[PDB]
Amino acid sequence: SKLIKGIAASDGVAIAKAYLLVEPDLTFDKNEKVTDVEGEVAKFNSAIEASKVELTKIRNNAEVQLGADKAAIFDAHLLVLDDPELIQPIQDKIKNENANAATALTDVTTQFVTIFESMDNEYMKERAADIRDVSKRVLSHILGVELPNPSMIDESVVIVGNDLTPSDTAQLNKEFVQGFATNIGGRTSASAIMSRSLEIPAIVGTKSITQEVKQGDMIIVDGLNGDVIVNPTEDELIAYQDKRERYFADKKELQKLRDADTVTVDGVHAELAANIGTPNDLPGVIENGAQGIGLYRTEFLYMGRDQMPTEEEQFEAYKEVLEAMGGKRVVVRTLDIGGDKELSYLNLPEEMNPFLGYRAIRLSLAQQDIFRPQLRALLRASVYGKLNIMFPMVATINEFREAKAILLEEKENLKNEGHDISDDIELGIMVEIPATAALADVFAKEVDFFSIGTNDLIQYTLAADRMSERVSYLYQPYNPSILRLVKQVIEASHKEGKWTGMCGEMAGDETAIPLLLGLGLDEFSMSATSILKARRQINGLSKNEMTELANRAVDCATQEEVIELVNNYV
């Protein structure tokens, strides 16, 4: 009776009555002069403590109950409640201006949030989001009102609301909550990530859903194709019941693939790997039948520490992974901290444009006392599992020759000391610089393998920063220009008997896979949560047919042409 399209954020088909997530009434008298200043201050302080304690409960029992690393967002919320930068100005305003806590809180929050959100930085945009969640909570206490939550208490419902706060999603009881649909939110948001973790169907960013649903209405959430249906007709209910069952069936046959090999209908093999940033992501990897690790981000090791990680710490983490993989490929990426990142412990110039300047291997070279410890640690850890090393931001040849020369320096350094190493350690490069693709066949002669970082490559090839909203529209992964460089790299590697993988998010995308297949892509690195689906898709395809499809795409004139070719190909 009513179809509302949105962004699918979690697979599955949920069918239950609508539960409306009612929000607090945060209305209050502005500029109401307070009689008791110290009283008003204590009122605001009480709210802080009350919120602080509530968030400690949510946090600690979020982990131990569902991922010990997912509760990190809450550690980010509690931090906000401890930041003098944010609290002092509120207290100052109440004291000096005699403003009520409600107004002082609003004004200061609005000030900070506006500055951070109108700012081309991920971390800054993240803090604004957190400050939003906590201010609402704190304000709620101040006005003597309550936030929403999960206290049902029956029955099977579909949560309908504007947006689910990270605190709400962590409180969801999959026993009753069949799924949710909200006006706003993102496929990549923290709450929407906890969603697919709880395998709870969800579609997000619909804008209108809240105004389209009355409490008690039957709701179906098609997290498969991303559309919501309010008040289903008899025929629609019957049809989606079957779809929900097929979903469960597919889940079954999907688990019989965890140990199955990835082979196209016409005998062409591929390798499905997983991208990990922390050794806490290992469980998910083996569980999802991964053919190794194609991207191991080692920035998490260097970040958030007093001093840079010793060779020992590193060796410990590398050894652990190589073991956990029992001989399966592990591609470790040299330190590549984004020019626009933290690192509040290192010496680095402000640089007009960080994303073009001193970062990755550029930093690595000329800093061989901070880049070398990593290498000597990788060489000692190699005696365990199958190790691959690769350098980020290699734009030129003799850059690769210098780094490789540094590596062989250590293979000699350790040996003489008494340390044994493995003689088979592949050495490749992270392909993000367009220049490196332009000369692929030259690099292919010297490099053991390529792995494309679409995220970077797209920004450099099209010359636009995805962070800057002004030109973010130029983040076009299905752009023919990109496809051509991709193909160029792949062709070159096979010309030398090398292989090309892709550890950018595009590799795990169910719509970009058939193209990459047809281009000849050897390895697909993705989130472990997508490996099984990729294997199912690839095993049912013919490289021959996808080759012709790809050769039509590279000759398209716009991304719009490509996306349509793909969606309606015969």
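Each residue number is its position in the shown sequence, starting from 1.
Requested in this report: On mean C-alpha B-factor from the PDB entry, just flag whether 26-34 or 513-521 is the higher one.
Outcome: Between 513-521 and 26-34, it is 26-34 that shows the higher mean C-alpha B-factor.
Query - Stretch with the greater mean C-alpha B-factor as recorded in the entry, comparing 245-253 against 347-355 - result: 347-355 has the higher mean C-alpha B-factor.
Query - Most elevated Cα B-factor in the entry, residues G267, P480, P309, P166 - result: Checking the PDB record, the top C-alpha B-factor among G267, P480, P309, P166 is at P309.
Query raised in the report: Highest CA temperature factor in the entry: which of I209, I184, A128, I406?
Result: Answer for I209, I184, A128, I406: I406, with the highest C-alpha B-factor.
Report task. Looking at the entry's B-factor column for C-alpha atoms only, identify whether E313 ranks in the lowest, middle or highest third of its chain. Result -> According to the entry, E313 has a C-alpha B-factor in the chain's highest third.
Requested in this report: Give the position of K543 by CA B-factor within its chain, expressed as the lowest, middle or highest third.
Outcome: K543: CA B-factor falls in the middle third of its chain.
Report task. Would you please rank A507 by its C-alpha temperature factor against the other modelled residues of its chain and give the third it falls in: lowest, middle or highest? Result -> Middle third.
Requested in this report: Report the third (lowest, middle or highest) to which the CA temperature factor of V113 belongs, ranking only the modelled residues of the same chain.
Outcome: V113: CA B-factor falls in the lowest third of its chain.
Report task. Pull the Cα B-factor of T262 out of the PDB entry and bin it into the chain's lowest, middle or highest third. Result -> It belongs to the lowest third of the chain when residues are ordered by C-alpha B-factor.
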